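To start, the structure itself, in structure tokens.
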Amino acid sequence: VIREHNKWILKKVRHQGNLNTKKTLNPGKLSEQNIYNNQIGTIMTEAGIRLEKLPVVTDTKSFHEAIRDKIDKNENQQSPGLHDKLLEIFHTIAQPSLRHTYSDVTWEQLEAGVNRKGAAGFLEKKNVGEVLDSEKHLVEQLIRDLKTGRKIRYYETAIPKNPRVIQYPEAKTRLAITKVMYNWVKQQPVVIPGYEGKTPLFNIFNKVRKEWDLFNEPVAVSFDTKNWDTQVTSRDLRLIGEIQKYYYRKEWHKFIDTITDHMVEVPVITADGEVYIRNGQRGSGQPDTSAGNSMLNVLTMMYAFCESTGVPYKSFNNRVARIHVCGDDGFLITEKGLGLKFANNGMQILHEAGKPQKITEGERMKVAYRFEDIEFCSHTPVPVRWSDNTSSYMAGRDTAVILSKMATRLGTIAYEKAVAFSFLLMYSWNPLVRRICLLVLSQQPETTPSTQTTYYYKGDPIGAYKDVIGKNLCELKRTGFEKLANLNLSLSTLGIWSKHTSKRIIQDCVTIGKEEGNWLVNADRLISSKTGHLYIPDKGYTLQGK
């Protein structure tokens, strides 16, 4: 049968199991009740770009397939005592100066870190914003109920991408959990080794380069687990709860134990009313998804690494191996001899540990021999050279995608100048993107940018850039030749740009800058050379939006 506190959902099954699981229980069914950034897409169109040609990503029958294909399974078998060992590894990275110190935060602190558009659970009424509007007392009640150990009616709703299965708990539950688990879930004091989730994209690789240079013969080994979420075990969850109890005040240990207990066996209700009982996995909607998977991925990799090379997990201090993670994505840097050893012995160990890596030839983990080749968070390092001849790194992506995300912002100008600024902060190493951004930022100087995106500025935009990058945009003289070119291959292979888009976009800039004055487009070293005019910027600061 099901666990006692889970039977409340059976008393609601109005129909017969229409799904077709063979391993997870399917009690039955219940009753059931993309735009363009005009100014940005325009500059792009005018430039000779073909918006239709750019890459972009429901079916109540294709969805039910995903469930049966990935979620319908037994818990991974895990080597006995594996969790005792992992917890043993956690003690080698625990921070004593924060032990038993975390607690809950105020609504004020929380409302500055939540999406008011958060979906409403299945059987639920309001959405995140609507609950904050008139139901905070109900969430506070949930908190006190969980804090004392009172089980609740926990369940998650399953929905397709907008065919990956997204599983999340009620908006009232995501609020109770986030309110108390805030600091860990949002990692304010980052306590997970190598977690880069809260690291600005424009800073990440200059940081990994510093590490890469402390090694004699540097090598990077990447983590390539498959459908990690489905590989999370009940015992994996118990572990993470124990770690959370290391950091939280004892007054919150019962809340953690309780909530973790609900997570070990979860009642899921598909958007089309189908009901199944998931057995120990990870639902992407869970507030602890990011931090929970990150710590669990680091512990598991540290374990696998030491178990492969012979290094004592007792204490490979550091400079022996540096690990960087973001959920399940991640890699590890180390000396060539040990990296190839981990590359050779890693998989079998990870497999026995319950985190099966994706199939590979000779069953080896992928290894990067050149820094430029590392892959992380959907990005890769791009080398840049400044006017004073110093070098540095920035985050590179395939330009085709950069263009896509930059136009289809699923729209005021005070908003499009913030999207442009944000992108100018992440991709000024790409002259196509860099210029599009300068053009969008040239219109309506009287309009202060929006605060609804990742980043936005205060004052002069170009001034704000110098603020976080450390140099003026005009000092950026060169981008890695082979790297830039490769990331631009897709624009030519998908016929997204014309053999004149590059020149056109430039003449559009020079035309604006040719006229005397202090025009924003003269911040781009090239345009400024062709116009003979410079852009003298003023005060400017970079702030976060969202």
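Along the sequence shown, residues carry numbers from 1.
With respect to the salt-bridge test (charged N to carboxylate O, under 4.0 angstrom), the residues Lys172 and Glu124 qualify. No salt bridge links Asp288 with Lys186; every basic N to acidic carboxylate O contact stays at or beyond 4.0 Å. One finds a salt bridge joining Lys207 and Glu196 here, because a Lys/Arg side-chain nitrogen approaches an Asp/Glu carboxylate oxygen to under 4.0 Å. By the 4.0 Å N-to-carboxylate-O rule, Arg116 lies close enough to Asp133 to be salt-bridged with it. Using a cut-off of 4.0 Å between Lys/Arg side-chain N and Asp/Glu carboxylate O, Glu46 and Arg504 are scored as not salt-bridged. Salt bridge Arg282/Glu156: absent, no basic N to carboxylate O contact under 4.0 Å. Between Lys471 and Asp388 there is a salt bridge, with a side-chain nitrogen of the basic residue lying less than 4.0 Å from a carboxylate oxygen of the acidic one.
Counting heavy atoms of neighbouring residues, nucleotides and ligands inside a 6.0 Å radius, atom NZ of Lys336 does not exceed 12 of them. Within 6.0 Å of the CG atom in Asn38, the count of heavy atoms belonging to other residues, nucleotides or ligands does not exceed 12. Annotation for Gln507: atom CD counts as buried by contact number, over 12 foreign heavy atoms lying within 6.0 Å. Dense packing is recorded around CZ of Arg525, with more than 12 heavy atoms of other residues, nucleotides or ligands lying under 6.0 Å away. Residue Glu361 places its CD atom among 12 or fewer non-hydrogen atoms of other residues, nucleotides or ligands, all under 6.0 Å distant. A 6.0 Å sphere centred on CD1 of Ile536 holds more than 12 heavy atoms belonging to other residues, nucleotides or ligands. Dense packing is recorded around NZ of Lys483, with more than 12 heavy atoms of other residues, nucleotides or ligands lying under 6.0 Å away. Within 6.0 Å of CD on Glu52 lie more than 12 heavy atoms contributed by other residues, nucleotides or ligands.
Judged purely by distance below 3.5 Å, without hydrogens or angles, the side chains of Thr225 and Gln357 pair a donor atom with an acceptor atom. Using modelled atom types, one finds no donor on one side chain facing an acceptor on the other under 3.5 Å when comparing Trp519 with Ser442. Judged by distance alone, the side chains of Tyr248 and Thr101 never bring a donor and an acceptor atom under 3.5 Å apart. With 3.5 Å as the limit, one finds no donor-acceptor pair spanning the side chains of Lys499 and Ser492. A donor-acceptor contact under 3.5 angstrom links the side chains of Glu372 and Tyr393, judged on distance only. Side chains of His324 and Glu211: a donor on one and an acceptor on the other come within 3.5 Å.
Annotation: side chain of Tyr535 is in contact with side chain of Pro537 (closest heavy-atom distance under 4.5 Å). Side-chain atoms of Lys405 and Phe423, non-hydrogen and from C-beta on, do get closer than 4.5 Å to each other. Using a 4.5 Å heavy-atom cutoff, the side chains of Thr412 and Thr447 are not in contact. A 4.5 Å side-chain heavy-atom check between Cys509 and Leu439 finds at least one atom pair inside the cut-off. Within the 4.5 Å cutoff, no side-chain heavy atoms of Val384 are placed close to those of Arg478. The closest side-chain heavy-atom distance from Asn293 to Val325 is not below 4.5 Å. Residues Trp228 and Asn297 are in side-chain contact: their nearest non-hydrogen atoms beyond the backbone lie under 4.5 Å apart. The closest side-chain heavy-atom distance from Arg385 to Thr479 is not below 4.5 Å.
A donor-acceptor contact shorter than 3.5 Å is absent between the side chain of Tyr102 and the backbone of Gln244. Using a distance-only test at 3.5 Å, with no hydrogens or angles considered, a donor-acceptor pair links the side chain of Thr230 to the main chain of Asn227. Side-chain atoms of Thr408 do not come within 3.5 Å of backbone N or O of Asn34 as any donor-acceptor pair. Side-chain atoms of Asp467 do not come within 3.5 Å of backbone N or O of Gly470 as any donor-acceptor pair. A donor-acceptor pair under 3.5 Å is formed between the side chain of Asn127 and the backbone N or O of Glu130. Proximity of a side-chain donor or acceptor of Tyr247 to a complementary backbone N or O of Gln95 within less than 3.5 Å is detected. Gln187 places no side-chain N or O within 3.5 Å of a backbone atom of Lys198 that could act as its donor or acceptor partner. Judged by distance alone, the side chain of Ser294 and the main-chain N or O of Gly327 form a donor-acceptor pair under 3.5 Å. Under a 3.5 Å cut-off, the side chain of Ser404 and the backbone N or O of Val56 do not form any donor-acceptor pair. Proximity of a side-chain donor or acceptor of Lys210 to a complementary backbone N or O of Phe205 within less than 3.5 Å is not detected.
Of all non-hydrogen atoms in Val382 and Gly396, the two that sit nearest each other are CG2-CA, 3.2 Å. Across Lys126 and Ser134, no two heavy atoms sit closer than the pair NZ-OG, 2.6 Å. Pairing each heavy atom of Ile43 with each of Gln443, the nearest pair is CD1-OE1, 4.2 Å. Summarising the geometry of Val440 relative to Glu416, their closest heavy-atom pair is CG1-O, 3.1 Å, with the distance given to 0.1 Å. Contact record, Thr199 with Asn203: CG2-CB, 4.4 Å, taken as the closest heavy-atom pair. Considering every non-hydrogen atom in both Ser450 and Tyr456, the closest pair reads O-CB, 3.0 Å.
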- Task: Apply the test side-chain contact (heavy atoms from CB on, under 4.5 Å) to residues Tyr182 and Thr106: give CA-CA distance (whole Å), side-chain angles for both, the deciding distance (0.1 Å), then the verdict.
- Result: CA-CA 10 Å; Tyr182 194 91; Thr106 72; over 6 Å; no
- Item | Test salt bridge (charged side-chain N to carboxylate O under 4.0 Å, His left out) applied to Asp229 and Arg164, step by step | CA-CA 11 Å; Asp229 284 1; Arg164 158 177 173 48; 3.4 Å; yes
- Message: Run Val521 and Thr531 through side-chain contact (heavy atoms from CB on, under 4.5 Å) and show every step you take.
- Response: CA-CA 10 Å; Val521 294; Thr531 61; over 6 Å; no
- Tell me, with the steps shown, if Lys366 and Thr360 meet side-chain contact (heavy atoms from CB on, under 4.5 Å). CA-CA 9 Å; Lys366 41 178 182 164; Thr360 242; over 6 Å; no
- Query: Between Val219 and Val367, does a side-chain contact (heavy atoms from CB on, under 4.5 Å) hold up when you go through it step by step?
  - Reply: CA-CA 7 Å; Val219 119; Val367 180; 4.0 Å; yes
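Taking the ring centroids of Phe90 and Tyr246, they lie under the 6.0 Å cut-off. In this structure, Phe331 has its ring center no closer than 6.0 Å to that of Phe223.
Of the inter-residue distances, the one linking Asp104 atom CG with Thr178 atom OG1 reads 12.5 Å to the nearest 0.5 angstrom. Taking OH from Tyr36 and CE from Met406, the interatomic distance works out to 14.5 Å, rounded to the nearest 0.5 Å. For the atom pair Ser378 OG and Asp398 CG, the distance stands at 11.5 Å (nearest 0.5 Å).
Ring orientation note: the planes of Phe202 and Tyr455 are tilted relative to one another, at an angle of 30° to 60°.
No cation-pi contact links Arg434 to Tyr427, judged by a cut-off of 6.0 Å to the six-membered ring centre and 45° from its axis. Cation-pi geometry between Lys477 and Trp386 is not met at under 6.0 angstrom from the ring centre and within 45 degrees of the axis.
Residues satisfying the salt bridge (charged side-chain N to carboxylate O under 4.0 Å, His left out) criterion with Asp460, sequence neighbours excluded, are absent altogether.
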